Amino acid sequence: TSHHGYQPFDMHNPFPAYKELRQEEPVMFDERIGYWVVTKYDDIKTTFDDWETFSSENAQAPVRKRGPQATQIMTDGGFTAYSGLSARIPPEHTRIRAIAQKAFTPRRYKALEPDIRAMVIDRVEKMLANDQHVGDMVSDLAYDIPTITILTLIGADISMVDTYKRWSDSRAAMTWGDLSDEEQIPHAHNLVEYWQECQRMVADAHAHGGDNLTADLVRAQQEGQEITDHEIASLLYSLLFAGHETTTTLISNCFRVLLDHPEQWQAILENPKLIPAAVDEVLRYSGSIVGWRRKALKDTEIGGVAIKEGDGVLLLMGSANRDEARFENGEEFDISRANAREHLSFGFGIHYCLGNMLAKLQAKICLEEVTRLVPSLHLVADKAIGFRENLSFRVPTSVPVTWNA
């Protein structure tokens, strides 16, 4: 009953609280986290657009202050990473991003769609063959696929899938979790390991070359592009976290939300050409990220409310995606929604998601082939899906399902 019901870290059903915030206090200061909480769509899209007033430099600063022990651990481990791009500000961001998109060329996207599809069918069949005819859409399908894709694109061993998810859970907990000074210690070590592997791969590209993003970036350095080895390594640190966890969550939510609405799963079975629009509606209705942070570089206003220089802003895009002023019946999941692409789950402006297409790519491929091979798929029960507490990432821990077999 406090802060209009908003619980910053509970990710199981924040949408009722989002709804009353939009009506009662659209720009609310939450002392429990230190942020101005913004919930209406215009307000949020405007804040994204004016990057010159609202810096993103705190997007990767931890919500809870790093404790003495994690600070010593990461310092003694040589951890010098902050942010590949998402918390970089111009001129550094502009300069580094343009070099990144000259290696993130969308031909690589569409060139190896077939090996994505061949890998889904592999995973779908192994799920359909086991003692119990019950599966988990996260571990059985959505855990591997985007991870292997991003490891193949950058040049990591695809045998290290469990190391990179262990490093992802750490980064997602260290930075947006409600961690104590003890609880940072195990993730502190993981981030040190993760940063040292990012640096090990960059030195590898100098020495032995390759055929991949890591090689291409160093290859652009050798050809005169203004990007250092600390920035090459920071670009891997960004892509080897953001490049799969959000996409794992999107795939898991595709089956979570479509199986909660069997009528639209049934329409997806009828017509697999509706699948792309379904993904657009899942992204609006259940985004992987519900909140993203910014920092006021000067005294300003959001929606009439005065905000001091240096104040932190939390843009609740999960709330914006249901604003009745932009989405009629915003709280209903409807894959036929005409303007679902107006959603802000990939952001807006100079930090827009670099791999939005690569994520939607694998989301559509997973629906296309799971609806075909397993058209009778459905949830086990109604109350069997929990979400890890976080400020930004709303990750379902499991999507338990069964089928006709």
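Counting begins at 1, following the sequence as shown.
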ask   = Of the two stretches 7-15 and 378-386, which shows the higher Cα B-factor on average in the entry?
value = 378-386
query = Which of the two stretches, 210-218 or 227-235, shows the higher mean Cα temperature factor in the record?
reply = 210-218
message = Comparing recorded Cα B-factors across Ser139, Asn329, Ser180, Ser170, which one is largest?
response = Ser139
ask   = Which one of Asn271, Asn253, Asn190, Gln184 shows the biggest C-alpha B-factor in the PDB entry?
value = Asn271
query = Hey, what third does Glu281 fall into on Cα B-factor, ranked over its chain?
reply = lowest
inquiry  = What third of the chain does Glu369 rank in for C-alpha temperature factor, lowest, middle or highest?
reply    = highest
Third of the chain's Cα B-factor distribution that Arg166 belongs to, per the entry = middle
ask   = So where's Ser86 on the chain's Cα temperature factor ranking, which third?
value = lowest
Third assignment of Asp204 from its chain's C-alpha B-factors = highest
